[PDB]
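What follows is each chain in one-letter form.
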There are 2 protein chains.
Amino acid sequence: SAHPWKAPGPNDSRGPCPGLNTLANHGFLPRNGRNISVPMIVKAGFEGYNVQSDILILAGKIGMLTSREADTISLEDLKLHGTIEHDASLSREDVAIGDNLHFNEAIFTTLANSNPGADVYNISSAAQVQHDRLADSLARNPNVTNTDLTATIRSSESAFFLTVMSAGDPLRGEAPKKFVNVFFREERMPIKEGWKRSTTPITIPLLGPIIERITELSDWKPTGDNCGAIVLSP
Amino acid sequence: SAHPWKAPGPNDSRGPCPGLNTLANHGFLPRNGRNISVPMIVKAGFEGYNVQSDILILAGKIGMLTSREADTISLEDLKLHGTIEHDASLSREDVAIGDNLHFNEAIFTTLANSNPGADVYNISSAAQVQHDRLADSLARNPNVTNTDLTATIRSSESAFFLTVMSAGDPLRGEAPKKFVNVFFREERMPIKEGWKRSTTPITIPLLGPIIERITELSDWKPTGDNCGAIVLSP
Ligand SMILES: *[C@@H]1O[C@H](CO)[C@@H](O[C@@H]2O[C@H](CO)[C@@H](O[C@@H]3O[C@H](CO[C@H]4O[C@H](CO[C@H]5O[C@H](CO)[C@@H](O)[C@H](O)[C@@H]5O)[C@@H](O)[C@H](O)[C@@H]4O)[C@@H](O)[C@H](O[C@H]4O[C@H](CO)[C@@H](O)[C@H](O)[C@@H]4O)[C@@H]3O)[C@H](O)[C@H]2NC(C)=O)[C@H](O)[C@H]1NC(C)=O
Ligand SMILES: *[C@@H]1O[C@H](CO)[C@@H](O[C@@H]2O[C@H](CO)[C@@H](O[C@@H]3O[C@H](CO[C@H]4O[C@H](CO)[C@@H](O)[C@H](O)[C@@H]4O)[C@@H](O)[C@H](O[C@H]4O[C@H](CO)[C@@H](O)[C@H](O)[C@@H]4O)[C@@H]3O)[C@H](O)[C@H]2NC(C)=O)[C@H](O)[C@H]1NC(C)=O
Ligand code: HEM
Ligand code: HEM
Ligand SMILES: CCCCCCCCCCCCCCCC(=O)O
Ligand SMILES: CCCCCCCCCCCCCCCC(=O)O
Ligand SMILES: *[C@@H]1O[C@H](CO)[C@@H](O)[C@H](O)[C@H]1NC(C)=O
Ligand SMILES: *[C@@H]1O[C@H](CO)[C@@H](O)[C@H](O)[C@H]1NC(C)=O
Ligand SMILES: [Mg+2]
Ligand SMILES: [Mg+2]
């Protein structure tokens, strides 16, 4: 009960990111999800997950674009479509055809059914999930955006769940299904289930080869103009 | 003299922006040009120029992308091509064929020679300068990037000099050449010359119509892909 999980209430701003929502649900970020700066994210990700400042500064400062404040966000601000938030999410619907903010079990069923027969999700299953989620958006969302940039972000996010939710060695690029499923469905660290914070720092160099391998295995191709333009403010 | 002008020394960081360079040269920002946050920019723009937080937050957080630090920059970081820094600057060269950081009088000649006959720069002369600057980059720089985004940034920068360096009413969209020329060439507030800080707040809604008019008068068209992708980190 240092950093216990407590379910968020109506007082609590939450976003499209399970990583940050979980940190807030354990009080590594403010539980109300407000007034969050990049230094706060940096410290929270290190304390909660052993994720290092390199990736969190890079993504954090892009995230700051989504608010109207000088140096902070509310977590829900991160839903802003086209800054980071993208189509073919693992657990959220595409904004053109649904709710791009909240966990969605119908969408999540693709990830939950992946790597059949195994007790982990891994790099090859993550790649197949990405391929299938993108195929679903291509089929059902006429306004889909799929670019080099969104594809990179998507593989990054798969690498993030694989490493932060791992069972001992984030380099392996695999994580127990029981941990990953709690993380997405509950936005809770699966401590009773047996998860522990990584004892290896999770950095850009550690992630990079995992990201590239997921991409390579996903049989990806760009759509439309393939323009990597982001939304720069609300 | 609470904020006297002093020349930057060899170790004081300066960037491609006359606005921020000038604030630093008067001590409204740190004279060394380092460890500058968005709140510092907001307060310095207000004190120095009566520019309000809406525009400075917007632009400031984009500028924060250009460093590796969590919530600050050095001014020189802002030279990072393709975040904000762009080709067809009013006083710098294009990075592919020259120095995109320091004031260059040969580039500035176009602006300095504009609105012939008159003692002010105005919206129509700013538009003609933009047109001519972009023509120069189209002719001489094979790697030119010219998009909806760069063109908007350019018109915004024109509107910034026109309003901040005005003879006291920024809504007029005109500024004494004597003040504007000092601002660019020296990065100094032209106080001895008779300028004073606007008594009218300079805001997004004050700027916006000026920006659109400059763009409308500049006979602009896009080049290439017309992709507004920015560089998101060094
Ligand atoms: C992410 O995890 C996935 C899943 O764990 C990893 O993929 C698996 O890798 C293991 C190797 O570590 C492979 O095991 C080998 O399987 C060989 C037989 O493969 C064929 O048969 C499989 C079974 O038949 C299935 O049919 C359908 C599938 O359509 C199923 O629904 C049905 O229930 C049957 O199960 C097929 O799934 C597969 O495609 C092949 O057709 C065995 O020959 C091999 O045995 C050798 O090795 C053993 C030790 O490893 C040894 O004890 C034996 O003596 C023998 O020498 C071994 O068991 C799995 O095939 C493979 N599964 C998949 C789905 O690819 C994946 O590598 C991992 N990724 C990363 C990056 O880590
Ligand atoms: C940005 O700043 C520029 C420069 O100041 C402005 O451009 C000038 O705008 C004024 C309008 O105010 C123009 O002045 C007008 O010029 C007309 C044409 O003048 C030339 O041609 C005639 C022959 O046809 C000659 O007689 C003359 O000497 C010039 O060679 C004149 O016909 C107009 O004269 C009438 O109006 C004035 C009062 O304005 C009366 O004094 C006259 O008696 C007569 O009734 C007038 O002089 C000037 O031409 C513009 N210059 C240029 C280069 O375009 C931009 O408008 C301004 N932009 C913005 C957005 O504010
Ligand atoms: C701290 C470690 C972090 C972890 C483990 C993590 C994990 C993830 C995961 C797995 C997703 C994918 C959700 C999905 O596809 O349904 C995601 C999405 C997202 N993350 Fe993070 N994240 C972290 C940090 C960040 C940071 C620092 C930011 C920005 C400040 C951020 C912003 C987002 C956004 C905007 C999305 C939504 C993208 C989308 O699916 O459309 N995350 N995150
Ligand atoms: C405070 C009021 C400001 C004023 C009056 C101002 C003014 C200007 C002007 C006139 C230019 C054009 C220089 C040229 O084309 O040669 C410029 C360029 C630039 N400004 Fe500012 N600016 C201000 C604030 C900002 C802020 C807040 C940022 C980012 C944190 C910023 C970043 C830049 C950059 C990167 C350039 C270079 C663009 C280029 O010409 O390639 N400026 N500024
Ligand atoms: C080898 C460099 C990769 C190519 C360029 C990628 C630089 C921008 C990456 C944006 C990272 C944002 C993803 C953070 C994870 C999240 O979204 O939860
Ligand atoms: C105020 C007009 C621009 C706002 C339109 C939204 C698209 C992003 C705008 C970027 C504004 C950047 C201005 C920076 C100031 C500077 O460059 O000197
Ligand atoms: C917290 O965030 C609110 C908006 O959510 C903002 O107005 C305010 O700046 C923040 N509180 C502070 C700085 O104490
Ligand atoms: C610059 O322009 C030429 C086309 O004229 C191209 O071949 C080259 O790749 C470009 N350089 C960069 C860095 O894009
Ligand atoms: Mg999404
Ligand atoms: Mg430039």
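Calculation rules
Residues numbered from 1 in each chain as written, not as in the entry; some residues may be left out. Chains lettered and ligands numbered in written order. Heavy atoms only, no water. Near = heavy atom within 4 Å. Polar contact = N/O pair within 3.5 Å; in protein donor to acceptor, adjacent residues only side chain to side chain. Areas by Shrake-Rupley, 256 points an atom, 1.4 Å probe, with all protein chains shown as cover. Contact = heavy atoms within 4.5 Å. Buried area = accessible area lost by both parts, 1.4 Å probe. Salt bridge = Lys/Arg side-chain N within 4 Å of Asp/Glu carboxyl O. Helix = DSSP H or I, 4+ residues; strand = E, 2+ residues; numbered from the N terminus. Nonpolar A, V, L, I, M, F, W, Y, C, P; charged D, E, K, R; others polar. Donors = N, O, S within 2.8 Å, 3.2 Å for Na, K, Ca; no water. Buried < 20%, exposed > 50% of the residue type's maximum accessible area, 1.4 Å probe, protein only. Least-squares fit on C-alpha atoms. Disulfide = S-S within 2.5 Å. Tetrahedral: all angles 85-135°; square planar, octahedral: opposite > 155°, others 65-115°. 1 Å grid on protein atoms, 1.4 Å probe; cavity = no way out; pocket = protein on both sides within 12 Å on 5 of 7 lines; lining within 4 Å. Points joined across faces, edges and corners; volume = space filled by probe spheres on them. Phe/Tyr/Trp six-rings, centres within 6.5 Å; stacked < 30°, edge-to-face > 60°.

- Per the PDB entry, chain A goes by MROUPO and derives from Marasmius rotula.
- For this structure, the PDB entry title reads "Crystallization of a dimeric heme peroxygenase from the fungus Marasmius rotula".

Remarks on the site of ligand 2
Residues and elements named next belong to chain B.
- Close to ligand 2 lie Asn115, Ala118, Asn122 and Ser124, which account for all nearby residues.
- At a separation of 3.1 Å, an oxygen atom of ligand 2 approaches a polar side-chain atom of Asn115.
- The separation between an oxygen atom of ligand 2 and a polar side-chain atom of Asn122 is 2.3 Å.
- Within the complex, 15% of the 1100 Å² of free accessible area of ligand 2 lies under protein.

With respect to the interface of chain B and chain A
- The partner chain A presents 20 residues to the 20 residues of chain B that form the contact.
- Of the roughly 1600 Å² buried at the junction of chain B and chain A (both faces included), carbon and sulfur atoms supply 73%.
- It is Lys61, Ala70 and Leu232 of chain B that lose the most area in chain B upon contact with chain A, and together they represent 35% of the buried surface on that side.
- At the boundary of chain B and chain A, one finds zero salt bridges.
- Where chain B meets chain A, there are six residue pairs in polar contact.
- Only α2 (38-49) and α3 (53-64) of chain B provide two or more residues apiece to the side of chain B that touches chain A.
- Here the side of chain B that touches chain A gets five residues from one element, more than from any other, and that element is α3 of chain B.
- Looking at the side of chain B that touches chain A, its residues break down into 13 nonpolar, three polar and four charged.

Re the coordination of the magnesium ion (ligand 10)
Residue and element names in this part refer to chain B.
- Coordination of the magnesium ion (ligand 10) by the protein comes from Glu85 (OE), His86 (O) and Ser89 (OG), over a distance range of 2.1 to 2.2 Å.
- Along the chain, the residues donating to the magnesium ion (ligand 10) fall in the pattern E-H-x2-S.
- Exposure remark for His86: the relative accessible area of 5% places this residue in the buried category.

Thoughts on the pattern of salt bridges
- For the structure shown, the criterion picks out 20 salt bridges over all chains.
- Salt-bridge contacts for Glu76 of chain A lead to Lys79 of chain A; the nearest nitrogen and oxygen are separated by 2.8 Å.
- Across the pair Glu187 of chain B and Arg92 of chain B runs a salt bridge, and its minimum N-O distance is 3.1 Å. Here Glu187 of chain B, found in the loop between α7 (177-186) and α8 (204-217), pairs with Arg92 of chain B, found in the loop between α3 and α4 (105-112); they are 95 residues apart in sequence, far enough to count as distant. Here the two residues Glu187 of chain B and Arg92 of chain B agree in accessibility, since each one is buried.
- Salt bridges sharing common partners tie together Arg133, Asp136 and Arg140 of chain A.

Structural notes on the relation of the copies chain B and chain A
- Mapping chain B onto chain A calls for a rotation angle of 179° and an axial translation of 0.1 Å; the resulting RMSD is 0.2 Å. Considering both components of the superposition, the chain copies are consistent with a two-fold axis. It is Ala229 of chain B whose C-alpha, among those of chain B, lies nearest the rotation axis, at 1.9 Å.
- Comparing interface residues between copies, 100% of those in chain B also lie at the interface in chain A; the contact surface is shared.

Points about the site of ligand 4
Residue and element names in this part refer to chain B.
- Among the 22 residues in the neighbourhood of ligand 4, the closest are listed as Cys17, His86, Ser89, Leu90 and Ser91.
- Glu85 places a side-chain nitrogen or oxygen 3.3 Å from an oxygen atom of ligand 4.
- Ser91 is positioned with one of its side-chain polar atoms (N or O) 2.8 Å from an oxygen atom of ligand 4.
- Sorting the residues of the shell around ligand 4 by element identifies α1 (18-25), α2, α3 and α6 (148-164) as the ones contributing at least two each.
- Split by residue class, the shell around ligand 4 holds 14 nonpolar, five polar and three charged.

Description of the state of the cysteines
- Tallying each qualifying case throughout the model produces one disulfide over all chains.
- Residue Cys227 of chain A pairs covalently with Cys227 of chain B via a disulfide, S to S 2.2 Å. Between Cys227 of chain A and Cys227 of chain B, the disulfide has an S-S torsion of 95° and is therefore right-handed. Taken together, the residues span two chains, with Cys227 of chain A in the segment after α8 (204-217) and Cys227 of chain B in the segment after α8.

Quick look at the coordination of the iron atom of ligand 4
Residues and elements named next belong to chain B.
- On the protein, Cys17 (SG) is the one donor atom to the iron atom of ligand 4, at 2.4 Å.
- Here the iron atom of ligand 4 is ringed by six donor atoms whose angles at the metal span 84 to 179°, and the overall shape comes out octahedral.
- By the secondary structure assignment, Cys17 is in the segment before α1.

As for empty space enclosed by the protein
- On inspection of all chains with the given rule, the structure shows four cavities of 30 Å³ or more.
- Estimated volume of the largest cavity: approximately 110 Å³.
- Lining the largest cavity are 14 residues; nearest its centre among them are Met64, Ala70 and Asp71 of chain A together with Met64 and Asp71 of chain B.
- Those elements that place two or more of their residues in the lining of the largest cavity are α2 (38-49) and α3 (53-64) of chain A together with α2 and α3 of chain B.
- In terms of residue class, the lining of the largest cavity is made up of eight nonpolar, two polar and four charged.

Things to note about the packing of aromatic side chains
- Per the counting criterion, the structure on display carries 11 aromatic pairs over all chains.
- Pairing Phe161 of chain A with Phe184 of chain A gives two aromatic rings, centres 5.6 Å apart and planes at 75°, and the pair type is edge-to-face. Of this pair, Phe161 of chain A sits in helix α6 (residues 148-164) while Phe184 of chain A is found in helix α7 (residues 177-186), placing the two residues 23 residues apart along the sequence.
- The class of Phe161 of chain A is buried, set by a relative accessible area of 4%.
- Ring geometry for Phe183 of chain A and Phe184 of chain A: centres 5.6 Å apart, planes at 80°, overall edge-to-face. An identical accessibility class is assigned to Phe183 of chain A and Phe184 of chain A; each is buried.
- Through successive ring pairs, a cluster of aromatic residues spans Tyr49, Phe103, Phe108, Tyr121, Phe161, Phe183 and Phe184 of chain B.

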